[PDB]
Structure formats: structure tokens, C-alpha cells
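> Experimental structure and sequence below, a few questions after.
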Amino acid sequence: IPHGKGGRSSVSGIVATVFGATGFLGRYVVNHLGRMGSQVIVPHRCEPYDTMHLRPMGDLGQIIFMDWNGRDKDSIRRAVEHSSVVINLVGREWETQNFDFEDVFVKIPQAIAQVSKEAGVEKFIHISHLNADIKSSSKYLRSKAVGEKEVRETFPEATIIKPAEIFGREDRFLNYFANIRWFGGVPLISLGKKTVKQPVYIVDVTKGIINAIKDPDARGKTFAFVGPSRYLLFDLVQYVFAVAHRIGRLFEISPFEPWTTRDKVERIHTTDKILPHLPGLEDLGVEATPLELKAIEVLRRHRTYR
Amino acid sequence: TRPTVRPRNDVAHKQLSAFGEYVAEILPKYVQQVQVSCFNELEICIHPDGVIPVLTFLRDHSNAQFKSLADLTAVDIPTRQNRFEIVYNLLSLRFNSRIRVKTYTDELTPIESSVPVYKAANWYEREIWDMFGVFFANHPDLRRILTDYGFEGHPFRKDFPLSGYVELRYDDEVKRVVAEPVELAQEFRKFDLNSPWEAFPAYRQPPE
Amino acid sequence: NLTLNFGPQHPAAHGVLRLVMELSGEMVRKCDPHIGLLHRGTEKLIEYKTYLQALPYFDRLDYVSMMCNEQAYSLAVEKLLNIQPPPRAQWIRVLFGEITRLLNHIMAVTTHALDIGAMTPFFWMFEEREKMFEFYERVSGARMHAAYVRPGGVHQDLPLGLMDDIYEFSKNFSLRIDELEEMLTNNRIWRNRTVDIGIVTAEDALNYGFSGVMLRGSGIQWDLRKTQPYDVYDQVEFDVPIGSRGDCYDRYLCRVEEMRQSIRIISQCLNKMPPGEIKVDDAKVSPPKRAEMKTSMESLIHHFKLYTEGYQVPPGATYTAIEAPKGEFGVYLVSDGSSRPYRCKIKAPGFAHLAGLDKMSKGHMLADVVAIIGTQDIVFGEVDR
Amino acid sequence: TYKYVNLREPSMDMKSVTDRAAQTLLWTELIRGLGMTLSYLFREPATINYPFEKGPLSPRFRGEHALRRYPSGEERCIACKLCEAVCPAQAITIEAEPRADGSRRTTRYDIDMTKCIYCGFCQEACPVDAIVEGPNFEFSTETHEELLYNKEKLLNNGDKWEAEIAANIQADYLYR
Amino acid sequence: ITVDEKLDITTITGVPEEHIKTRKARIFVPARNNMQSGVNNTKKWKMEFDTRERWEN
Amino acid sequence: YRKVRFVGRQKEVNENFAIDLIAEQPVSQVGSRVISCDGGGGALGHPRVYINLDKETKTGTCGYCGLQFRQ
Amino acid sequence: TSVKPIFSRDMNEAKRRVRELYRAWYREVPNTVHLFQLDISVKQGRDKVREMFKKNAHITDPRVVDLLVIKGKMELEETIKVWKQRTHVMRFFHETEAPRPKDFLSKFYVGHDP
Amino acid sequence: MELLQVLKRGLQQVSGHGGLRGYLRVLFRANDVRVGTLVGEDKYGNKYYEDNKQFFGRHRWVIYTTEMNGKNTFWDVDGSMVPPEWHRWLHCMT
Amino acid sequence: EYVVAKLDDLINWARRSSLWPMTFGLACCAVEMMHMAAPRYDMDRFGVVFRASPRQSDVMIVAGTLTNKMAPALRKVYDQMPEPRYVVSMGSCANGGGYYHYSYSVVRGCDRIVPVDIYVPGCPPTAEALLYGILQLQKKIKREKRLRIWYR
Amino acid sequence: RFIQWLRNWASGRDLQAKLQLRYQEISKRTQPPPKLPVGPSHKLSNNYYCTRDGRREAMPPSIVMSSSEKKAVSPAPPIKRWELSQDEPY
Amino acid sequence: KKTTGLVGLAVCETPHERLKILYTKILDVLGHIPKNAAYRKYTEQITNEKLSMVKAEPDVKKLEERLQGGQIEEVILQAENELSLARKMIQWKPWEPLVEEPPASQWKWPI
Ligand SMILES: NC(=O)c1ccc[n+]([C@@H]2O[C@H](COP(=O)([O-])OP(=O)(O)OC[C@H]3O[C@@H](n4cnc5c(N)ncnc54)[C@H](OP(=O)(O)O)[C@@H]3O)[C@@H](O)[C@H]2O)c1
Ligand code: SF4
Ligand code: SF4
Ligand code: SF4
Ligand SMILES: [Zn+2]
């Protein structure tokens, strides 16, 4: 039950559990959850130091840290046995040198579609992507839609969220551009055909979750994230060099965190403005952000004044 | 009466009864009350029309040097119909004597400041502006000392509560250190301490 | 003109005091510093406490003085309460009140000689300073911050010892002050580093309201140490130093002779202490003893009530000041008539001693300005008055 | 009284300038003085090897909180609340209750070891001499969430040792 | 002199934030804690404001 | 509800209790009227208090003393 | 009123002073927005300037407005120079604060009438 | 010629206690190399050496050896491993 | 692997063998650290050198009491530190702000601004438990860099 | 020894005022149990309240306020000067 | 002597007549004030008391006694400002009676 103002040091009733939560998306969401005040239970994988910058968001006693692998069961069960809701955002890009990378979007959402669901949770929310389709593209883009249906058997009502491409501060897609200081700046691939997708802004992403976390009645009715106005152009790549004026890796360097001349280069150039009959963002309001105002912030190059 | 009682003296109680008497005699324009403390102190209650010249009279003489400006303070008193109370304290170098100047005022009514009369009031006079809002007249540089840049409170009066409203916190929402309404972990439990039965006979009020 | 703020820089000294410099090429001619890095809410905070409970917040007002602060408080309270303190107690307040001056006047030279940049006189004297904190721990309660002086005189008696220790300590100290005489006085470069710097000697050196040294060592003979008594403090013999001109090097040479006075007074105070009691006997102010608050009936009711509320102070304003080892120490303690005091405004040095940095600085270099500051001996947290 | 230091007119004659001329020109100063007072290096370094060696203390030294009890365990505390009303930081919070035997005891007992300003007045306010500032500086945990001491630290912390505590009171209670 | 006698009911603002119109004060007499019979704690009017929620931390 | 904050923290708890440890004392007896109780030793412990022992042979542990006192 | 004023006399030395420094703010809003290296649009700053002046327009008494003049002028001393290190200027905008409900049915589900 | 008259004092002081293994094992923790004359009794293997009454602050030094309550061998000691009876003595309180 | 995990017993040993601290002298907890610099409990040459420029730091130390006029200046210096950093705050007024705690203008905690790892309690911690806090910090470094990219 | 007198040629010769008190002739311990005298009129039959009136002193005496060949009396006699402390005033 | 003790002044130059002008400099300006305030009654009293002992006797050191200032060059400054004091006594009017009596209960201390 709630009490008083939710400025800080309140209760607000809810008890969530956010896995992953070390990347760009999962950190910034929880930084709202410790503001209204709740028992945020965040288990991390293998990183005691990489959560140090996380702690000064929850006040005192509100956050807690645990260890878990994911291919184990009870480490994903012992933590979640006392909560109310649970979301998940776990996953990444290219296949590890040790992992399997296919079932990580299949059995790992199923590993928390285990007794976890049976224990008595509700409003379990997974993430999707707007472009994850069952078609033969790509090795990473498809095999995400396999988890969208084969795991949808479990949790018959979820409201699995479907975001478009996101832009914020430290993502990969927008920082894939302007990290291309090279002997040639080529677009993908010297063509202005499909560019671009829908870059929804990161405040709208974290605002959609907190409205849905006690909405109510948002289970099963899956939602889609609208982007900006409206599709986007080829001008974006020229918009980079115009205004820019042309975490547990290793001790020295990681040997392979590459630009990946593989199916990475096509997972973004496959836009797929999908079905507008999903409700999915404006009804889970209110999210309305342009691009031209937030572009000064993330871009940072040598001029810095003019 | 006994040991462990302070032995008072009458010599300093005599001359300080003597010296301050002919002060009101030679300026019956500004002086409205003089009183002698029972432990060799003197108050000269002054309506603040004569804020400059009486100091200027004590600035120099041949029978009263008094050129050591020690203490400018400020005391608020609610339920007086003129709240505040500016109180000086100055020192005679050649004579070893303490005397204070009690000048009342109100909030909006300004006071002619002592800037040409003394140059030790350069940082003291600004402090009452920052803490109360008592706008002194004709100061060359009025600014903000000993408070933070965004306050609107003038905190040393009584209506300003113990904590402010401005408990500060950090978030990584973008970069900023943002303000927020104030939230404590504990009440500051306020006690109740005034015992009854009136331990003091001498200061007994007019019983009405 | 370049507007550098050489201050917040944690360049040794005391990384604080952030100010501006509107320098005219090389000379400064305009200095307007900012203060308020520690305001702490002190004078508002005391308005909810009682007299005994508010007492350590006077102790933490310096960094250095532990018995010279709270000396300016109990003596600011005992006048209101018509009490003279008992005679054995007064010989201890002069003893520790003339031992804290052997902590400021060691720190006031070494820390000045560190901004300047000398390394070795910082380590050559604090290693001898350790022989003195063992006293503080042996007598009161802690390393530095001791709630030791009470309004009812001394808290408790110092144990067996501390008389063949202080006499052991003080008989081997003048050799250590003869070290720094060889280190700085006869040297030329440090003399050349400070002569004719900060020549402030006129009657605006007193119209700025300065307290001692950056007084009398520049001229005008006056002090609060033998024109105004405290306790048994006039019954000892000593003299007060005066320097020649009005610069820093003739306020530096006060402090060498000042430490050569505190050794005499300690070697004069030990010969004159009588045996006696500790507290004031009438027990409406002092708590009764521990062996008494477990036997009689009268002891507990004048024990159990004396900690729920405090004393009963009569109304009427008061004021006093004593010799802090860097200046006067004004306390204008407004009393109301209950266990909880009314307004408690303090005057500390540094209000005068650093507002007059405007007059003192100009016409000079930028490297002069850091050498100015360690001569007035300004400590922050103490400018919170 | 007076003393006029650094007040001495120079010599100004034929021979005594040669003492002030050999000083500047050939540096009989600054080496006889400052090169000998530094060396002076042969003295013994007075350093404490802290994990092995330890320094001196006093029998009245303050530190960690603890609670005592009588011979065979009685909870010497009587919950008379006096340590609460004199704590300057209000680090004490006590809720009491009549225990079913009849004598009153405590239910919650707190010391805000963050807020605790160590005025030690709790040691000098208990009539039945319950709380004692135990002389052990063993500290430094890793969270803010841990240093708030509940009761079942303090009775345990008062019973990791007692002979350390019981000898210091018994050597000091005659003074106070 | 510049006396310029004029008339206005002095209502000062800007110093707090919003709690002018929100709250309502109360002026009363504290009257004899009746565990005992000392009447010194009369003769002074006091104030106290609105009381709002106290939850559990 | 609160049971999640100590997972892997082992719940450091007290072992002995003074809820009932008076009852294992050899309850004292005198056969007189009024007795001192400076128990725990003189000038320490609980203060002096005098108890009437006439009525169901006991005193009532004096509150302060704690030890069961009777005749 | 047996009290001398500060600067103004009656309402006409007053209302020309509040118009006066408004231009000093008005050329300042584009001047500082590239100086303090923060990124919003500049028209939002000009809206917030006139936001502050218009709200206190319910005064029918001199020397209070004149008291706000001294408050209004002292704001420019830190502003024209650099005495507010990228935070105090951002303190004007209640940005990351959660919205107050201000609606009766909305207050009723959350809160013991705050 | 003082390189041998104090070296005869230091020769037995270095070599004549434990030999080569008892010297090199205690060497690899600190410069605490001068062996104590008088010994203590308590408790485990931490014989609190009381020196020759020619020091203070460094006359009652202690030795940490091995695994008081399940710790590592030799290379992690916080100094809190002393029993809470020596705090009367190791701090020089009596 | 036995080959690769042998390497971080040098690197995670080397960082806990040379720490170059910054000190923020603000209040009375600054003075006691100077006595740790004084050669009784000689702070130098037990792994750790004396003062150092603000650029080249690993372990920052906040001592004393924070005011709202210092809360911006703390974060800016905290950004300029390199990556394997640690925050250790001594003094009871850096753990909840001691008392002064109910005052209108004191930062409540020195934890709602920077993330701090080791909390030494006390008005002045007596330069005796503070070397104990530093040996706690080197004891805290039992972390690994290998078997982090070798696992994931 | 030969390293000894090199300390005695440099900066004088002291040999006794060492910077450590760690050697002998530092006071080690003190034996006896203390007992405190209780002196200042703690006794009975004359030591008695309403004689010791340490509190209850009256109001500050008001001198002539609102509602003659005087000698223009100073607040105090002026400060007479100082001696010169005949040890070495130069 | 070449240093005047109190640093910041200079012995400049002649005693016994630099003073003797400046007392008589005040006494002529003293007659200008309308005589109803007793300011004249005490200020002319002490200057005639001073100048009678001032004029005109050796030595400088004897004039230090029976004239309780600092050194004799500083005794100039004791009356230097007093000349600047009495000429502004014509500008404002302290001989006028009291103005702005306080509203009948203000200087009562216990609230
Ligand atoms: N909305 C979009 O536009 C978008 C774009 C690209 C990708 N995504 C996907 O949506 C989520 C956004 O993630 P992000 O932008 O914040 O970057 P991210 O670094 O991938 O964050 C997701 C978290 O999953 C963790 N993780 C990866 N594999 C794991 C495993 N086997 N077990 C446990 N944790 C694992 C990652 O590292 P740790 O193991 O250290 O916790 C990371 O902390 C991810 O699932 C991502 O694949 C979304
Ligand atoms: S120490 Fe005293 S006041 Fe505190 S809990 Fe124990 S009996 Fe009660
Ligand atoms: S130890 Fe200090 S802060 Fe804690 S309760 Fe006792 S007096 Fe108060
Ligand atoms: S209370 Fe602690 S942190 Fe604050 S000034 Fe005193 S010693 Fe320093
Ligand atoms: Zn008993």
C-alpha cells in the first residue's frame, strides 16, 4: 500500500525485479524506480564494480544485489520468490566465443517463464523489437521473433513491449555513426532508400514502463513504440557530420568487440514500419519527442562551441 | 555571603553609573533609554534617526576614544510590533570599557549604514541583509555572503523552519544535481522542557 | 584583465577559500574573495538545545583549540549564574588554557611554511606534537574534541601522573624551538621571502577592528591578557612581545617569543596549585558524584532532573570575550529564562582579519597573496560566525 | 609589559662588515646552519608498524558502544530513557513495554553510529550504569545500511568481551 | 525627510513557496498538564500548524 | 514480506535471552523484615532500595535488582 | 505610513524600473545559453523571464516592489559573470520533478489530502 | 673502524636466531626483523614479544602467523584477529 | 584457465600496491589525517604516497562536512578521475552528516551524490582505525579481470 | 663512536634531549587508588541553604531614562603604561 | 628618538605650539555654536584644562604627564578629530529635544 509523497523515502507498494540492467537501457529505467521509492531487486551476473555507479538512485534499503547465471534455475528463482511484478530486458548483440546465442532468446526467457510465473507474479513484461520478424533476415534479427511466439505459449497475458530503434546517450546505433573517423565515410550502403527507422527517445521508453507497471488491465494487450515525425530520411547521415563538423572489457583491451563485418550491418537497414493497429505508445501516454532538440546532447566532437 | 558566589564590586558600578549619565544630557535628541547592568555593562537605547552622529560622536572625543568596533549582531524578537533589533558593541582602547548600542527598526524601514563612520562594517552589514532582509542605506556593495545562491528565505528569523525545503540529490537522468522537496529519515523529535513553578522572584512580571 | 580563481585548487594549504583576481597584468590591485564553503547552520541550530547539550558545538568551532574554546563559553555563562568557580579548578583552566597556545603557534608556522613550500619543518615539529595529545586522551575523553570544561567548572580531576609528565615534557621543549630559529630566523631567503609585505600600520589597521597579532607586534600596545582577568591569571609573571614595523615578518616574530612565554607560565603554574575539590558545591549546577547518586534521596532528584532539563538561567543580556590564540572571541549570549537559550551570536576572528585582505594585498604580486594568508592564521569553519 | 624584538641598529664600522661581507659572498651562512640542522638524520625513526605494533591509550578512552549485564544475565538496562534525552544527535530511540514477568525492559534500541557524535554523556547519565563506551576501534563496514546498530548487535557486542570493559570501569570509578 | 504617509495592509510573500494558501494556523493557550499543579506555563500564547501524515520508514 | 533483504546474509542474531533467566536463580531468603539491595557490588549496579517481605514469602526482584528475593 | 522608502516614491519611479532591467534580461537569455553550454531552445528562456515578472503583479503598495528590485538586480550580478556553475541556472526549471496532480479526483486516490 | 665492533653485535642478532629459514620467512612480511627477547604466552601461535624496555609504541609487537578462524595462510591480516583481552595490554592500557 | 588467471594475481595486486589519494580538507577530520602524515603512524611508504595532483588519483577521500555550495564542485572533480576508482569517506559527518544533520544547508549523507565504498565512523577517527580502513580496502580487492571476458 | 661526534659537530651537541621519549625515564605507570577530598562547605550544622544563595540576583538597575558643574567623568581612569621586562628587550 | 613607538606616525614636527594653535583653533570655532547645549560646557572645560597645562613648559616628556594621551604626536590626533567633531555639531542639531518616542512598550525584556 502507498504512503505520503513519492519524492524519496516512500513505499509506493510495488516490488519489481529487473534483470540485465547494466547496459544502456536497463540502467536508465531503474533510475526512475528508486525515485518514487520501492523494493527494487536487481541481480547482476558477474560484476561487483560495474554496478558502483548505479547505487545513488535508490535512497537506503531500497536496492539489493544478488548473483545469478541464468542457465541455472534457482538463482533465477530464489530472488523472485518475494515480489509483485517482474520485467526483463536481457540480451545483447554478437555470439559469444563460449555461449550458444540462439537459445538465449529462447530458453532464457523460458527460464524465467518457469516456476517464476507459477510463484504468483503478475504483469510480467518482456521486450521485443519492431523489426523482429519470422522472415529469412537476419541471423540476429530473426531468431528474435522465434522467442516472440515460442515463448508466448507461456505467460498467456504479458503485454510484451515492442520498441523501435532508440536514441539516447550511450547506445550503439547512433554511436555507430560519428565513431567512423576513417578514410571514408560511407552510408549503408551508398544509398538513401530505406533510411531510416523510428528513433524513439529514451525518456519515452522509461516513461512507458512506469505507466504500465500499475496501468491496470495491460496484460496480453501488447504495445508498440511510435518514433518521431515521421519516417526518416537519408539526411541523418549528413546531419551527423554537419553539426559534429566532420565497462568490464579487460585490463588492456578486449580482443573482439568489433564493428562486425557480418549480419550486424543489415539488422538496422531493414526498417519495417510495422502494423499501426497496436495501441501502443500514445495510449500508454504521454510520449512525444522530436529529434532536432536532443541531438545537441549526445553528439560531442572537437569544436564544442561553434 | 559565602565562597562560590561571584564577588561583585562597586567601583566600576559607580563610574559606569557616572559616565553614561551625562551622555543623554549632551544629546537629548536621539537617546531614549539608558540602563546600567548589574555587572558593569551599559545600554544606550537609540531611535535610529541618530544612527550615524551618535557613533560619530563616539568615533572621536577627548574623554571617550571608542574606536574599536568589535561586534555587529542582529537579534529578532517577534511580538514587539517592530520585530528586529540591531545591536552594536564597541570598545574604548584607552579606557578598558564596554558599551553597547541597541537600535530597533522594522523590516521595510531602512537604516543609514555606518560605512563612512567605520570600515570594519564591510562584511558585517551585508550579513544582516542576507539573513534578514534589513536593507541598510547607501552601502557601496550589497551582495550575498554565507548563504547559497538560490535561497529566498533569509533563514535566521523564526518562521523559517529547521530544515529548509531544498534537500538536494543527484540522479544520472542526464548530468544534473537537481533540487527536490525535503524528506527526512527522522522527525527531529521535539521535546517539552519548561518546568512550572517560577524559579525566579526578581523578574516577576506585572501581574495584570 | 585575466580573471583567474586560484583557490578551489586543492594545492595543499587548505583546498577552500575560492576567490577572484582582477589582476592588472602582473599586479593584482583588486581582490574579492568568496566565503561560505562551510556555513553548516550553526547559530540557528543552538536555538533548540539546552545549555549542557549544546556545549560541544563550541568545541568544533576551531580546528585546534579544545580548551580555549569552551573557556569562552563557561566564563560567558558563570557570570549570568552568580558563581565563582572553585580555586583548584581555576589552576587547570589556566594550565590547558596555556597549553592550546602551544598548538596554534606550532600549527601557525609550519602550515604557513608549507604553503611557502618548505617540507622538513612540517615533519620536524608534528613528531614532537604527538607527545601532547597523550595528555588530552589521558584527562578528558578523546583525541581532540573534548567536552571537558563545563559550566560547573572542571568535569573531573586529572589522575595520578600528569605532573611529572608535564614537567618532563616542558623541560625539553626549548631545544625544539631553538631548531626553527636556526631554520628560519638567521636564514636570508625566507627573510627575503617576507620583508615589507603587508605593511598595514595606520589607524585603519585598528578601524578594521583587528584583534591581536596583526596588532601590537605592529605597534599599538594592548592585549586582553593583563588588562582583563579571567581566573588566577594575573598572579603569574610574563611579558608580551612587540615587533618593530608593521609587516608580516614583524608579526612573525611575535610567535617565537609567544611560545617562549607559555613555557615560563607552565613552569610557574605548577608550583602554585593547592589540593581541593573539582566542582561547584551548591549542586543546582554541578551534578553530584557517582558514589552519591546511588545512596541518598536528595542526590537523584538533583540528578535525574538535571539531565531532563538544564539549569535555570536568569534573563538579561550579556557579553564577553577572551584571548583566543589568534584573536578576541566575542560571544553575545542572549538568555531568555529557561533551560533552552535564546540567540547565541558569536564573533570569531577572520571577519576583520580577512576583510582587510583588500587593503593589505594590492600593489603586490600574485605569489605574494598565498604568503599573506598564512600569516593571519585563518581557519575555515571558524569563519562560520 | 614590553619587549622590542627585531629592533637593533647595525654595527657600521671597519671590521664588523667583514662578518657581513663573508656571509653573503662565501656563504658561511646557510651551510653551517642549514646543512647541519638537516643532518641530523642519524636519529631513530619513531614509526609504529601499525598491523603489528600499536600505540598508547588511556583508561578513559571512548569508542564502540556496548551493553553490560549483571552476574548471570539480567539486562542491566532498566530503560530509564535518560541516555536518550541527553544525546545531542538523538541517536537513541527506545520503545519499552512491560515484559510478562513484570519488570520493564526494552523492545527497540538504536544507536545511529552514523549520527553518533560521541559526546559520551550516555555513559555519564545512566543511574544503573548500563551503556558503556567500549574501548575498541574495530570498525569500517561497507554499507550505510549496516552501521545502524539494533539491540541484538549490542548485547552480542557487549558480550564479545567483558573483561576488557570490566577492568577499565573498576580502575576509573573512584575519580568520577 | 521623505515621510510620504500612505496606507496598506502589509501582506508579504515570495519568501515561502506555496504554503501560504494551503495551511491554517492555530492560536491557543496551553492549559495545565494535569499530572501536577504548576501554573507557570500559562500567560503565553503559542501557535502550532496543521499536522500531516506520519508513515513507517 | 520483509524476508528478501537477508538472502545470502545469514541473519546475525542473538543466542542467549534475558527474557527468563531470573528463574534459574537460587531465590534468596533471610527471615527478617527489610533488607538492603546493593546487588552487583557496592557503588555499582542498582541503587539501594528497601523491600517488605511479608506476603507469599517474596519481594519481587526489586525491579532494579532483578534477582529473585524472598524468604 | 511613518516610514521612508528605499528608491521609489509612488508607483511611477517603480513601474519604470521593472520594465528597465527586463531588457537586460532579454539580451542576456541568448547570451548565456551558449555560455553555460546547456542545450534547450532560447525562446523557452524568454518565456520563463516574463513568467517571473507577471506572476507578482498583484501588488498595490510601493517599497515592496522596490524590495524586489534589489532582489531582481542582485540576480544579475552572478548572471553576467560566471558565479553559477551550470546548476543554479538549471535550478529555475522544475525538470526532473514528478508532476503535481492538482485535480480533485486525482488527489483522492493518492495521499491523505496533502 | 666501527664496521666490525657493532657488526659482532649484529651477527648473532641476525644469524643466531632460526638460521636461514626462520630469518627469510619472517623477512617477507615487513622490516620487522629484530627478534624479541621476552615472550608472551597467549594464545594460538601469536607470541606477543615484549622487547628490551628500550622502546615505547614498538616494544610490545605481535606476530600473525596462520588462519585464525578460517582465513588465508599469511597474506591477509587486518589486525583485528587479537583476542579481546589483549586490548587491556597491546594498546598499553596497563 | 590456470595460465590466464595467474596473470591477475599481478595486476589486481599492482593496483592495491600503489594508491595515490586525494584529500578534501573541509573540517576537523582534516587535521587528524595530517597526524597520519606525521611520521608516528607514517602514512607514506606503506604502499601509498602523499598528496598528489587532482589528475593522477585513484582513491578520493571526502573528510568533514559538505554544504550545498560544494555539491557541484564535488561531482566535477569526481568526473575527472580515471576509471578504476574508489571512494572512501572518513568522519561521522560523511555518513549521514553527523549532527548538523537537521540543518537547512548540509548535504545529507555524502552518499546521495557519490557512491562510496568504505565507511569509517567517528568524530575524529583517531588515525588508528583509519589505517585499518585502508587495509580493509586492499583486502576488498580480491576481484578479477580475467574470468570476466573469459566467461562472457 | 665515530658516527656519534659527527652529530656533535653538526648543529651543536645535545645527546640527551632525544626526539623520542620511548627510552627509560618516561613515567610508566602509577600504583595507588585515588580518593577525592570533599571540601567546600559540604558538611552539616552550619552549611545550610539560604546562606549559600548562588542564584537569584536582581534585575539590572535602571538609570534615568525617558517616560551641573560635573567634572566630565571618564568611564575609567586611563591605562598607565608598561615596563620593559628586564631580561633582554632587544 | 626617531621612531614614535606607534608605527604609522612621524614626529612632525614641533611640540608646544602645533598643539597650542589647535586648541585655540577649536576655541574660536567653539564660540560659534549657540549656547544652550552642555556640549560647550564640558568641551570648553577640558580644552581650557588642557591648554593651561599645555602652554608652555619644558619638556616634551613632562608634557606627557598630566596630559593622558599616548605620545605627544598622537595627542595631536586626540584633538585632530575633535576639531572635525565640533564643526559638524553645527550641521545637525542635537540640542533639539527628543524625537520619535518608542510606542510605550518596547524596551521590556522578558517578551
Ligand atoms: N530497444 C532497442 O533499440 C535495442 C537495440 C539493440 C538491442 N536491444 C536489446 O534490448 C535490450 C537492450 O539492452 P542495452 O541497450 O541496455 O545493451 P546491453 O549491454 O546488451 O544490456 C542488456 C544486458 O543484458 C546482459 N547480458 C547479455 N547476455 C547475458 C547473459 N547470458 N546473461 C545475463 N546477462 C546478459 C548484458 O550484460 P551483463 O551480462 O553484464 O549483465 C547487459 O547488461 C537487450 O536485450 C538488447 O539485446 C534493444
Ligand atoms: S543507559 Fe540508562 S537511559 Fe539508556 S537504556 Fe540503559 S537504563 Fe535506560
Ligand atoms: S555516544 Fe554520544 S551521541 Fe551517542 S548517545 Fe552517547 S552522548 Fe549521544
Ligand atoms: S564532527 Fe567529525 S567530521 Fe565534523 S568537524 Fe568534527 S571531527 Fe570533523
Ligand atoms: Zn538488589
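In hand now; what should we look at? Residues are numbered from 1 along each chain as shown, chains lettered A, B, ... in the order given. Ligands and ions are numbered 1, 2, ... in the order given.
> list the contacts for residue B:63?
Residue B:63 makes contacts with J:72, J:74, K:42, K:46, as judged by CB atoms under 8 Å, 6 or more residues apart in numbering or on different chains. Quick note: C-beta positions are derived from backbone N, CA and C, even for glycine.
> If we use 7 Å, what do you get?
Going by CB atoms under 7 Å, 6 or more residues apart in numbering or on different chains, residue B:63 touches J:72, J:74, K:46.
> closest to ligand 4 among those?
Of all the contacts of residue B:63, residue J:74 has the smallest distance to ligand 4: 45.4 Å, by CB to the nearest ligand atom.
> Could you tell me which ones among the contacts of residue B:63 also sit near ligand 3?
When CB under 6 Å from any ligand atom is taken as the criterion, no member of the contacts of residue B:63 contacts ligand 3.
> would you list those residues in JSON lines and tack on neighbour count?
Listed next are the contacts of residue B:63 as JSON lines, based on neighbours: other CB atoms under 10 Å in any protein chain shown:
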{"residue": "J:72", "neighbour count": "18"}
{"residue": "J:74", "neighbour count": "18"}
{"residue": "K:46", "neighbour count": "16"}
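> State the three-state secondary structure for residue 131.
Using chain A here. Residue A:131 falls in the coil class when you classify it by DSSP: H, G, I helix; E, B strand; the rest coil.
> think we crossed wires, I meant chain I
Per three-state DSSP, residue I:131 ends up helix.
> ok, which stretches of the chain are helices?
No chain was given, so I picked chain A. A:24-33, A:107-111, A:115-118, A:145-150, A:173-176, A:202-212, A:235-243, A:295-298 (DSSP state H).
> right idea, wrong chain: chain K
For chain K, applying DSSP H gives helices covering K:18-30, K:39-54, K:60-64, K:72-86.
> what packs against the first one?
Contact analysis of helix K:18-30 by 3 or more CB pairs under 7 Å, 6 or more residues apart in numbering or on different chains; DSSP states H and E lists helix K:39-54, helix K:72-86 as its packing neighbours.
> mind listing what's buried in it?
For helix K:18-30, the neighbour count (16 or more other CB atoms under 10 Å in any protein chain shown) marks K:19, K:22, K:23, K:26, K:30 as buried.
> can you tell if stretch D:5-15 touches chain C?
Yes. Shown here: stretch D:5-15 in contact with chain C (CB under 7 Å from any CB of the partner chain) through D:5, D:6, D:7.
> and that stretch, is it in reach of chain J?
Yes. Residues of stretch D:5-15 contacting chain J under CB under 7 Å from any CB: D:7, D:8.
> Tell me the buried residues in that stretch?
Neighbour-count burial for stretch D:5-15 flags D:5, D:6 (criterion: 16+ other CB under 10 Å).
> List of residues touching that stretch?
Contacts for stretch D:5-15 (CB under 7 Å, 6+ apart): C:241, C:243, C:244, C:250, C:253, C:257, J:90.
> about what we covered before: reformat the helices of chain K as CSV; add distance to residue I:60.
As requested, the helices of chain K are arranged in CSV below (distance: least, CB to CB, whole Å):
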stretch, distance to residue I:60
helix K:18-30, 65
helix K:39-54, 66
helix K:60-64, 63
helix K:72-86, 55
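> So the residue nearest the centre of chain I, which state does it fall into?
For chain I, residue I:88 is the residue whose C-alpha lies nearest the centre (CA atoms, centre = their mean; 2.9 Å). Secondary structure assignment for residue I:88 (three-state DSSP): strand.
> Next up, the contacts around the residue of the stretch 151-300 of chain A found nearest chain B.
For the stretch 151-300 of chain A and chain B, the shortest gap (CB to the nearest CB) falls at residue A:297, measuring 7.6 Å. Taking CB under 7 Å, 6+ apart, we find residue A:297 in contact with residue G:39.
> now it: how far from residue J:31?
Counting by CB to CB, to the nearest Å, the gap from residue A:297 to residue J:31 is 75 Å.
> With residue C:268 instead?
Distance, residue C:268 to residue J:31, using CB to CB: 29 Å.
> More neighbours: which of the two?
residue C:268 (15 against 5; other CB atoms under 10 Å in any protein chain shown).
> my read: that one touches residue C:238, true?
No. Taking contacts as CB atoms under 7 Å, residue C:268 lies outside contact range of residue C:238: 8.0 Å.
> Just give the number of residues close to residue C:125.
A total of 20 residues lie near residue C:125 under the criterion other CB under 10 Å.
> Can you classify it as helix, strand or coil?
helix.
> Now do the same contact list for residue 40.
You didn't say which chain, so I picked chain A. By CB under 7 Å, 6+ apart, the contact list for residue A:40 reads A:16, A:18, A:30, A:33, A:34, A:58, A:62, A:63.
> ah, I was thinking of chain J
Applying CB under 7 Å, 6+ apart, the residues contacting residue J:40 are B:3, B:4, C:86, C:277, C:281.
> Quick check, the second one in contact with residue C:86.
Yes. Taking CB under 7 Å as the contact criterion, residue B:4 and residue C:86 are neighbours in contact, 6.4 Å apart.
> Around chain G, pick out the residues from chain I.
residue I:72.
> picking that back up, name whatever forms a beta bridge with the residue nearest to the centre of chain I.
Residues in a beta bridge with residue I:88, per DSSP bridges, are residue I:118.
> Quick one: distance of stretch A:140-153 to the chain centre.
Centre-to-centre, stretch A:140-153 and its host chain are 16 Å apart (CA atoms, centre = their mean, to the nearest Å).
> Buried ones in it, by neighbour count?
A:140, A:141, A:142, A:143, A:144, A:145, A:147, A:148, A:151, A:152.
> now do stretch C:304-313
C:306, C:307, C:309, C:310, C:311, C:312, C:313.
> Contacts only, for the second one.
What it means is residue C:307. Residue C:307 touches D:82, D:85, D:86, D:125, counting by CB under 7 Å, 6+ apart.
> Next step: the residues you listed restricted to helices.
Short answer: the contacts of residue C:307 in helices (DSSP H) are D:82, D:85, D:86.
> Please save the CA atoms from stretch C:145-160 in PDB.
Provided in PDB are the C-alpha atoms of stretch C:145-160 (Å, rounded to 0.1, in the frame of the first residue of the first chain):
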ATOM      1  CA  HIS C 145      37.300  17.300  20.700                       C
ATOM      2  CA  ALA C 146      36.700  17.100  24.400                       C
ATOM      3  CA  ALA C 147      33.600  18.200  26.200                       C
ATOM      4  CA  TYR C 148      35.700  18.900  29.200                       C
ATOM      5  CA  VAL C 149      35.100  22.400  30.600                       C
ATOM      6  CA  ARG C 150      31.600  22.500  32.000                       C
ATOM      7  CA  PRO C 151      29.600  25.500  33.400                       C
ATOM      8  CA  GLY C 152      30.200  24.000  36.800                       C
ATOM      9  CA  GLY C 153      34.000  24.200  36.500                       C
ATOM     10  CA  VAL C 154      36.100  21.200  35.500                       C
ATOM     11  CA  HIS C 155      34.400  17.900  34.800                       C
ATOM     12  CA  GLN C 156      36.700  15.700  36.800                       C
ATOM     13  CA  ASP C 157      40.100  15.600  38.400                       C
ATOM     14  CA  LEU C 158      43.200  14.600  36.300                       C
ATOM     15  CA  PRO C 159      44.500  11.300  37.500                       C
ATOM     16  CA  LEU C 160      47.800  10.300  39.200                       C
END
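> Do it and chain B come into contact?
No. Using CB under 7 Å from any CB, we find that stretch C:145-160 stays clear of chain B, coming within 9.6 Å at best.
> how far does that stretch sit from the chain's center?
18 Å.
> What residues of that stretch count as buried?
Applying 16+ other CB under 10 Å to stretch C:145-160 flags C:145-159 as buried.
> repeat for stretch C:287-297
For stretch C:287-297, burial by neighbour count (16+ other CB under 10 Å) applies to C:287, C:288, C:289, C:290, C:292, C:293, C:294.
> Look up phi and psi at residue F:70.
Residue F:70 adopts backbone torsions of phi -160, psi -170, taken as degrees, to the nearest 10.
> So it versus residue D:70, what's the distance?
Note on residue F:70: its distance to residue D:70, by CB to CB, is 18 Å.
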